[PDB]
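Report on one structure; see the data block that follows.
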Amino acid sequence: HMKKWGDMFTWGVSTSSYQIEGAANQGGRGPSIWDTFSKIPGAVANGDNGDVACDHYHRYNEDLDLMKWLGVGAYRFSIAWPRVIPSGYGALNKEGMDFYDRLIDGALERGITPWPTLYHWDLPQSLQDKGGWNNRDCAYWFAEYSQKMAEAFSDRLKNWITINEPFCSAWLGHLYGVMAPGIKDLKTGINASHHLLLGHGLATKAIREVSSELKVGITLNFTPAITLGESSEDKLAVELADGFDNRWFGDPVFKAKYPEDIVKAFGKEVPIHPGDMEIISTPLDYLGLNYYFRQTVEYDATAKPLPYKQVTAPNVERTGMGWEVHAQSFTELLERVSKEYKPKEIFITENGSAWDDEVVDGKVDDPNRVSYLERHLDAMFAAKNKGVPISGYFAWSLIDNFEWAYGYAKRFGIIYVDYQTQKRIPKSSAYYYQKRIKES
Amino acid sequence: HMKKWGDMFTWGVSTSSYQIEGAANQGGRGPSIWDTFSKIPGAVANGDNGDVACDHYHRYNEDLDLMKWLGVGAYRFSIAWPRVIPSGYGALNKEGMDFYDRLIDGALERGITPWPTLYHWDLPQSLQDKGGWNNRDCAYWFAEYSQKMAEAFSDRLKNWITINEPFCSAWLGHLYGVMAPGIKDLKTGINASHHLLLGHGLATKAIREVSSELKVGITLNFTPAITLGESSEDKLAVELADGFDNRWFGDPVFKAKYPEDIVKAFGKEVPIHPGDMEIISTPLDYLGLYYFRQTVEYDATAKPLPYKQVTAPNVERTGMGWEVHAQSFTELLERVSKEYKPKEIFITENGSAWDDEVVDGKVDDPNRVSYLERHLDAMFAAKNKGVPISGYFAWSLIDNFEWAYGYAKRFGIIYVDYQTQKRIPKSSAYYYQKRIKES
Amino acid sequence: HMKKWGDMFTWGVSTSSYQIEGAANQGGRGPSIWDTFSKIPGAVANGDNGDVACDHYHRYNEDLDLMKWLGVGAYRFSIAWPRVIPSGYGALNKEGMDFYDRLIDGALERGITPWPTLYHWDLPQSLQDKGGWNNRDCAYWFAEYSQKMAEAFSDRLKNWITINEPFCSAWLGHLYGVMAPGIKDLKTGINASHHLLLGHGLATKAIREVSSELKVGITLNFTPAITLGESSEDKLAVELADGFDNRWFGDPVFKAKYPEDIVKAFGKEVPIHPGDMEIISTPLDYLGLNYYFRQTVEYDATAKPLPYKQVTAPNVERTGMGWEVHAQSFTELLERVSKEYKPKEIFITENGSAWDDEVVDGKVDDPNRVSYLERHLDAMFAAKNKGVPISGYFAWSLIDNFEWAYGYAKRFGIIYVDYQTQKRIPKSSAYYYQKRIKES
């Protein structure tokens, strides 16, 4: 579609606060729902928790130095709500705010643009005790927190993201109960999805009120659905899975409505107050898109809440997570999102892969991660060359970290972390990404 | 006209000697006309002068470090003629030459290409005492100075600019008297304009004689003119203002003549000697080129030409009162390329001034960011239409002495606290840094 | 064919081991055929040898720093076979391997990708004593050495080159005797050419057995031929020169045969055994192309081994070597190679020029070298814009060095070396190349 003079492209890396910071009970930080969830036997593999993680709260200068060495222009990170406002609403924690000031200022000194995500799943436990995302007030608590962060940091930080992956917070956290807070109820999942999206919209309006030059987006993960079957019911299964994973969150933001076919199949009411859909669909400067894999499904009349099930397709390449590797789906997803939702521009805020890494002679050679990265960058640029306005790519992740219910066993870093010593070791994929940033 | 393999683009920042150096009476430097002019009550806002400025004469390593941090590939700077030859013609001041050697070598060690401008308005007072640019000999004194600078520095410096903005030196300095040397006489302004341009041409030839690989250009500022009226006389007002500001200097360089409509309206003769117009129009490797457009209307009573400036209502303006209109930048670039067809164009200055505030040791300047974003976009719009724009130099790296406005008008992407000389990068510096890396 | 999003380009510099390392009798290194050849009166101008060279064995950190300062992404270097296996086949010299480990790891710390060449003319004398490249076993000795290097270093080094410029090793080393080992016999040159090419193929197969992600190529120099005459015999001279210099080595690699017109004109048998041509023609990930100049020739019935002679065409620009400067030939060569041999991609592994340099006030201003570089980069990008898959460019050389039989008098560096002090002084051409790397 013709690269032209003046066009820009941003290369970054991505992390999140609970997954890397540690210092969970230091620096005035209050507990999050993941501190609580991680204390429940069976919730997280190996009984892992984020108490220490990568100790980035103390080691951030080293990690910023690794970012400068990589040559990224941008760093996508999240602010830990319970580190800066431990009670959820009310008093700012000065020690927590000072940490993010030092992080931001350190990034800027090194030429790196920080990209803050306000909510990456670490809801303060003080707010969960009041109902969390099931409580409509949580959307307003989130918007007030967002306003305070923009008041503190938007003199420097101009590109904001409100929430990350509401699919995970709503459905995995409140319907399937495999993420914090561990609730298993469809109606609660529906309420949570609405208040996450309403929070997004209210926070967007609050940030824009701080200053009109600020840019705001949302990060959505999309899981394209296919079926191996040919029956009419298996084609319906694809539509249902696409509606559950993708359109449930994208349609409110970009079309100001929930997908009617899924609303009907649930048979429950979304707690929409007058004015809510206008707030949720407030115009955005960009979409942050997360992509890792496609899902294969088939019809299943017995399944709940919707009559389809996951299938493990045979004879396909898979990562250490068991996730199918299929880069062509990334190209097609990007084209589809641009056509159906027409975001002004798209940033890939997460893409990456996990494999079993081995340290040999103090080094980590990870050719399968390199291969996934190469093929997904190629697929992203194929979409850009067709005219999709992809303005940057952020690798998940800079460093190995706490992979939620999988714990530390699943390593997404381009830089290895030895958790016994906290040593950082760049992998082969780090050298590859460094080259791609420079030579593209 | 899209990018092809091998195409290059240069990102830079720009300063000038009197505006940043300081050390005005140190290191053997002799006075310039701006040292004198800055001493006249009422000439400069707040009684400011360049005695200290940004103290860059002593702090140049810090400023070079800031350039490397920004990631610029080039640094446009000027050589202070009265620092290197205090008497204007005659002996070199070795201490002054050594300063520019240290500056140049420090830039090259950091990977930065210095782009020297030989004349950015600081004529030695020693030469003003002999008539300055009113004196035809000043063109030759300038060419000899230029030759000596190329002999000293062109082993390293391959891209030269002779003079900067003769509009200001000639008309603002000798007709309106609002810039040094402060003279107010049309014939003097005409003489100065011709001898500035002749000096440009003589210096170009002198530099090329030093080495055939050297490249040379001139820097012209252009101020596109519009009118809000529809009468034929308001259209004439646009022509007169365009001729006075732009064609008076562009036509000699690229067409070997002065614009006849302005010559006729002046009613005076340009002091053209045999050979002059061949010299002035000598081929250039590039044009150094913008801040704003002017709005005008006819005024039969105005002098020297029958037009006056108009302050249009409800337009966006900088802290200087200058209209912000980036589309005019695109159209100017297209016009210059068609009208004068320079081999290539470098934007040697573009930028904006706004009231900056230090808050918590930082400077957030969104209006300057917005001006910069929109003018880079407008520049690339012209490049994508085929205009051969090969680079862009932001005015300025640091806040500095803005001539008759003094220090109150801040053009830097890096703030200077004049009490302490601390440099504080503004939001616009981080924006520019990103643009340099990610384009 | 214009730039599209995602396309990459690699900027590098090139050196070779014997030409820069020095430490010839230190660190356990055994002698090479160039140590021997350089001791023969008359073999090398001024009696020069590589005993000390640029002392890069000790000064590599400074040279790597200069690469980082230039901004190159890649460093093409060669491994000295007699430094790492002094006996040619048998035991590794751990001290020699540790040097290449330090070099590689230092390059990677600086963000530079090392591109190893396994054979750049410094055959162990221990193997020359057994016949060198005249002996078929040398192809297998080379493959065993190559396997050992890939086993040691391919955890980090993913892009390999087997041999460099077999034209020089075979014909200049064994027919004209002007390069080591100094033999002057057509049959020996034919045997050597075949065993170099077989060694390439065997080494390629051995490297790929180490790991399937590794990439392998060969470096060939091509010297395009023209004539000033119009006679049919002068047109035949062009064909003969092209066959001798270029097709003799390119045709086996890409067409699995030797050029029949040259075989017939030699009147000798190439010692081809079963399996050899399949091995020599094994698919490659890229061609490393070296180009410096074109040759002008005319028919000469008295000349041997083929009836043509070199002509010094009148009134053309020439370097300090006496080599014609004609950048348009570089564009046309790249187009011809892409059509005739169709390599998957091409890296310019060497291009550059030598001129008499003068140090003035501690600096070196070399406008003729700048001009050659500018014009040849322009010519290369002209071919890329026509669709030739040129993926990178490596300047010969980072530093002035031992120019084989010309000794140290011929300087190819963009960085000057004062051999009395070993001081490195960047030339004007270094600043030009630094600018081109950044601003393209």
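How large is the dipole of chain C about the Cα centre if only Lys and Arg carry +1 and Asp and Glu carry -1, each at its Cβ, rounded to the nearest 20 debye? Intermediate values should be presented prior to the final figure.
Working: 48 positive and 58 negative charges, 147 e Å.
Approximately 700 debye in magnitude.
Tell me the GluC sites (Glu not before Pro) within region B:124-216 that lie in a loop according to DSSP and have at most 14 other beta-carbon atoms within 10 Å.
Numbers: sites: B:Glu144, B:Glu151, B:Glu209, B:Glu213; in loops: B:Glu213.
For GluC sites (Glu not before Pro) across region B:124-216 that sit outside H, G, I, E and B with at most 14 neighbouring Cβ atoms in 10 Å, the list reads B:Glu213.
Suppose we keep just the alpha-carbon trace of region C:186-298; what are its Rg and Dmax in angstrom?
Taking only Cα atoms of region C:186-298, I get Rg and Dmax of 15.8, 53 Å.
State the antiparallel share, in %, of DSSP beta bridges confined to the protein assembly as shown, rounding to the nearest 5.
Working: 34 of 135 bridges.
Expressed as a percentage, antiparallel bridges in the protein assembly as shown total about 25.
In nm, to one decimal, how far is the modelled label at C:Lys363 from the one at B:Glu209, with both set 7 Å along Cα→Cβ?
Calculated label separation equals 2.2 nm.
For region C:1-137, I need the span (max minus min coordinate) of the C-alpha atoms along each principal axis, in Å, sorted largest to smallest.
Reported extents, whole Å, longest axis first: 53, 34, 33.
Short version: ³J(HN,Hα) in whole Hz for each residue of region C:16-31, in order, from phi by Karplus 6.51 cos²θ - 1.76 cosθ + 1.60 (θ = phi - 60°), x for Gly and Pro, what are they?
9, 4, 5, 6, 10, 6, x, 6, 5, 10, 10, x, x, 5, x, x
Please compute the modelled spin-label separation between B:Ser87 and A:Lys423, points set 7 Å along Cα→Cβ, answer in nm with one decimal.
7.0 nm
Would you work out which of B:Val238, C:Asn135, B:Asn93 lies farthest towards the positive end of the dipole of the protein assembly as shown, given +1 charges on the beta-carbon of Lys and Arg and -1 on that of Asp and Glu, about the Cα centre?
Selected residue: B:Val238.
Could you go through region C:198-211 in sequence order and give the Karplus-derived ³J(HN,Hα) for each residue, using 6.51 cos²θ - 1.76 cosθ + 1.60 with θ = phi - 60°, rounded to whole Hz, and x for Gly and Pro?
Karplus values, whole Hz, x for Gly and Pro: 5, x, 3, x, 4, 5, 4, 4, 5, 5, 5, 5, 5, 7.
DSSP loop trypsin sites (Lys or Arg not before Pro) in region B:59-129 with at most 16 other Cβ atoms within 10 Å of their Cβ, which ones? Can you show the working numbers first?
Numbers: sites: B:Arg59, B:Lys68, B:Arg76, B:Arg83, B:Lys94, B:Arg102, B:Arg110; in loops: B:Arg110.
For trypsin sites (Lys or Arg not before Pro) across region B:59-129 that sit outside H, G, I, E and B with at most 16 neighbouring Cβ atoms in 10 Å, the list reads B:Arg110.
Below 8 Å, C-alpha to C-alpha, sequence gap of six or more: please give me the relative contact order for chain C in percent. Present the calculation step by step, with values, prior to reporting the outcome.
Numbers: 906 pairs, mean separation 74.0, N = 440.
In percent, rounded to a whole number, it is 17.
Quick one: A:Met97, B:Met8, B:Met320, fewest Cβ neighbours within 10 Å first, how do they rank?
Numbers: A:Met97 19, B:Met8 12, B:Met320 15.
Ascending Cβ contact count within 10 Å gives the list B:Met8, B:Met320, A:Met97.
If you place +1 on the Cβ of every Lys and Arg and -1 on the Cβ of every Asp and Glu, how big does the dipole about the Cα centre of the protein assembly as shown come out, in debye to the nearest 20?
Values: 144 positive and 174 negative charges, 182 e Å.
It works out to roughly 880 debye.
So for the pair A:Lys68, B:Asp7, with labels modelled 7 Å out along Cα→Cβ, what separation do we get in nm?
The two pseudo-label positions are separated by 3.3 nm.
Let me confirm one metric for peptide C:6-12, namely the mean number of other chain beta-carbon atoms within 10 Å of its residues' beta-carbons. Working shown, then result.
Details: counts 12, 6, 5, 5, 3, 2, 0.
Counting Cβ atoms of other protein chains within 10 Å of each residue's Cβ and averaging gives 5.
If amide H atoms are built 1.01 Å from N in the plane of the peptide, which residues on other chains or at least 5 residues away come under 5 Å of the amide H of A:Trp115?
HN-HN under 5 Å from A:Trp115: A:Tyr75, A:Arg76, A:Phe77.
So for B:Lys362, C:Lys410, A:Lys264, fewest C-beta neighbours within 10 Å to most, what's the order? Can you show the working numbers first?
On the way: B:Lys362 16, C:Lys410 19, A:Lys264 8.
Sorted ascending by nearby Cβ count, the order is A:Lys264, B:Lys362, C:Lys410.
Within a 10 angstrom radius of the beta carbon, how do A:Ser169, A:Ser231 rank from fewest other beta carbons to most? Mind showing how you got there, number by number?
Numbers: A:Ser169 26, A:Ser231 11.
Fewest-to-most Cβ neighbours within 10 Å comes out as A:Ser231, A:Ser169.
Exceeding 22 Å between C-alpha atoms, which entries from my cross-link table qualify? They are B:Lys94/B:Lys148; A:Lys257/A:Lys344; A:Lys257/A:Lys339; A:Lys344/C:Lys386; A:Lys363/C:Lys438; B:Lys215/B:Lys255. Present the calculation step by step, with values, prior to reporting the outcome.
On the way: B:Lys94/B:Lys148 12 Å; A:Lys257/A:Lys344 19 Å; A:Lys257/A:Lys339 17 Å; A:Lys344/C:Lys386 34 Å; A:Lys363/C:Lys438 30 Å; B:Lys215/B:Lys255 20 Å.
Long pairs (Cα-Cα over 22 Å): A:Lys344/C:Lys386; A:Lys363/C:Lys438.
Starting from region C:166-252, pick out the chymotrypsin sites (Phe, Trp or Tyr not before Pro) whose DSSP state is loop and whose Cβ has at most 15 other Cβ atoms within 10 Å. Numbers along the way, then the final one.
Working: sites: C:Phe167, C:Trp171, C:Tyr176, C:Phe222, C:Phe244, C:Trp248, C:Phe249; in loops: C:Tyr176, C:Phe222.
Those satisfying the criteria are C:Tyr176.
Can you say what percent of the DSSP beta bridges in region B:208-348, counting only those with both residues inside, are antiparallel? Round to 5. Present the calculation step by step, with values, prior to reporting the outcome.
Working: 4 of 11 bridges.
Of those bridges, close to 35 percent are antiparallel.
For region B:237-356, state the average projected area of the convex hull of the C-alpha atoms over all orientations, rounded to one decimal in nm².
Working: hull surface 37.2 nm².
About 9.3 nm², averaged over all directions.
What average count of beta carbons from other chains do you get within 10 Å of the Cβ of residues in B:235-246?
On the way: counts 0, 0, 0, 0, 0, 0, 0, 0, 0, 0, 0, 0.
If you average over the peptide's residues, the count of other-chain Cβ atoms is 0.
Output the Kirkwood hydrodynamic radius of region C:286-439, Cα pairs only, in Å rounded to one decimal. Please report the intermediate quantities before stating the final value.
On the way: mean 1/r = 0.0588 Å⁻¹.
Its Kirkwood hydrodynamic radius stands at 17.0 Å.
Among DSSP beta bridges lying fully in chain C, give the percent that are antiparallel, nearest 5.
Roughly 25 percent of the beta bridges in chain C run antiparallel, per DSSP.
For chain C, go through all pairs of different Cα atoms, get the mean of 1/r, take its inverse, and jot down that Kirkwood value in Å. Before the final figure, lay out each step's value.
Numbers: mean 1/r = 0.0455 Å⁻¹.
It works out to 22.0 Å.
Which of A:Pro252, A:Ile207, A:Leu220 sits farthest toward the positive end of the charge dipole of region A:204-255, with +1 on the Cβ of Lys and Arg and -1 on the Cβ of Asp and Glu?
With unit charges placed on the Cβ atoms, the residue in question is A:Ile207.
Which whole-Hz couplings ³J(HN,Hα) result when phi for each residue of region B:250-264 is put into the Karplus expression 6.51 cos²θ - 1.76 cosθ + 1.60, θ = phi - 60°, listed in order with x for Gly and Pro?
Running phi through 6.51 cos²θ - 1.76 cosθ + 1.60 with θ = phi - 60° gives x, 4, x, 5, 9, 10, 6, 7, 8, x, 4, 4, 7, 3, 5 Hz.
Specify, per residue and in Å³, the volume enclosed by the convex hull of the alpha carbon atoms belonging to region B:385-426. Please report the intermediate quantities before stating the final value.
Numbers: hull volume 4.4 nm³, N = 42.
Taking only Cα atoms, region B:385-426 has a hull volume of 104 Å³ per residue.
Given a Förster distance of 45 angstrom, what is the FRET efficiency for A:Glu151 paired with B:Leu186, based on the Cβ-Cβ distance and rounded to 0.05? Provide the component values of the computation, followed by the final result.
Working: r = 57 Å, r/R0 = 1.26.
In this case the efficiency is close to 0.20.
Calculate the translational D of the protein assembly as shown in whole µm² s⁻¹ from Stokes-Einstein, where the hydrodynamic radius comes from the Kirkwood formula applied to all Cα pairs, the temperature is 25 °C and the viscosity 0.890 mPa s. All intermediate terms of the calculation are to be shown ahead of the outcome.
Numbers: Rh = 34.7 Å.
Translational diffusion coefficient: 71 µm²/s.
Positions of Cβ are generated from backbone atoms using ideal geometry, with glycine treated the same way; all protein chains shown enter the neighbour counts. Every read-out reported here was derived from the displayed coordinates using simple, explicitly stated rules and does not represent laboratory data.
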